[PDB]
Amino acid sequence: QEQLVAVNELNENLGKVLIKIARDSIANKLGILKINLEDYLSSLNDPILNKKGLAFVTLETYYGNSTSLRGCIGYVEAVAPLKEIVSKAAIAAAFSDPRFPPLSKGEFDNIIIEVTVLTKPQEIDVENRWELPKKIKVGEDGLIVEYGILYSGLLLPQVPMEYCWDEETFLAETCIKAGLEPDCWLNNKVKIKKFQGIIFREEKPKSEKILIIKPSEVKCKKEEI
């Protein structure tokens, strides 16, 4: 809205760009790609890239039929222009993860990059809380239930779907996560935000084709072999 990115704005080509931004940022810090990252980032003039959101980047070592976590970093404290938060996260995924050595030039070629974009959580202003279940959608919306610093509950978009919940159960379970009663969502004093997310990932290192993974395509665990 006020320069905030919406998930429906992120298509396969934008995911293609975010992935290349992450790729080049790392390549630039590894010393592989010769560029001025800052000027490079400001040259990407697609307005979408500059809308704000939250982002995470995880690097997985590529194998025939499996992958291995290689580094993960994400920022959820404050939204910032996509291209910037993604460039920053990519770099951190490669060099800041406390669990691995920094990425080496030798590894860069065998890593698959995954970029997750989350929208800025936003308050659901409905003065008829019983109509609250209608203003959200299981499989698309993440939730945040708050009531003063002491009570805060957060659920990612996928959770409700993989556990096969309906909209109300979803709000109840988040309330329980916040330390509140199952029906805390009907209480005007309890603030409720929603947000969305999306995932882009190379199916192979530097591949042209990328996989778009949506929280709404997750299978209810009860239907898993």
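Start at 1 and count along the sequence shown; that's the residue number.
Enquirer: Could you check the entry and say whether 18-26 or 207-215 has the higher mean CA B-factor?
Expert: Going by the record's values, the stretch with the higher mean is 207-215.
Enquirer: State which stretch shows the higher mean Cα B factor in the entry: 171-179 or 186-194.
Expert: If you average the C-alpha B-factors of 171-179 and of 186-194, the larger mean comes out for 186-194.
Enquirer: Going by the entry, which of 58, 66, 45, 158 has the most elevated CA B factor?
Expert: That would be 66, according to the entry.
Enquirer: Whose C-alpha has the highest temperature factor in the PDB entry: 97, 114, 131, 141?
Expert: That would be 131.
Enquirer: Where does the C-alpha B-factor of residue 72 rank in its chain, lowest, middle or highest third?
Expert: As the PDB entry reports it, the C-alpha B-factor of residue 72 lands in the middle third of its chain.
Enquirer: Thinking about Cα B factors across the chain, which third does residue 148 belong to?
Expert: Its C-alpha B-factor, which the entry lists for residue 148, ranks in the highest third among residues of this chain.
Enquirer: According to the PDB entry, is the CA B factor of residue 104 in the bottom, middle or top third of its chain, that is, lowest, middle or highest?
Expert: Middle third by C-alpha B-factor.
Enquirer: Ordered by C-alpha B-factor within the chain, which third holds residue 136? Give me lowest, middle or highest, please.
Expert: Middle third.
Enquirer: Is residue 165 in the lowest, middle or highest third of its chain when residues are ranked by C-alpha B-factor?
Expert: Middle third, going by the recorded CA B-factors of the chain.
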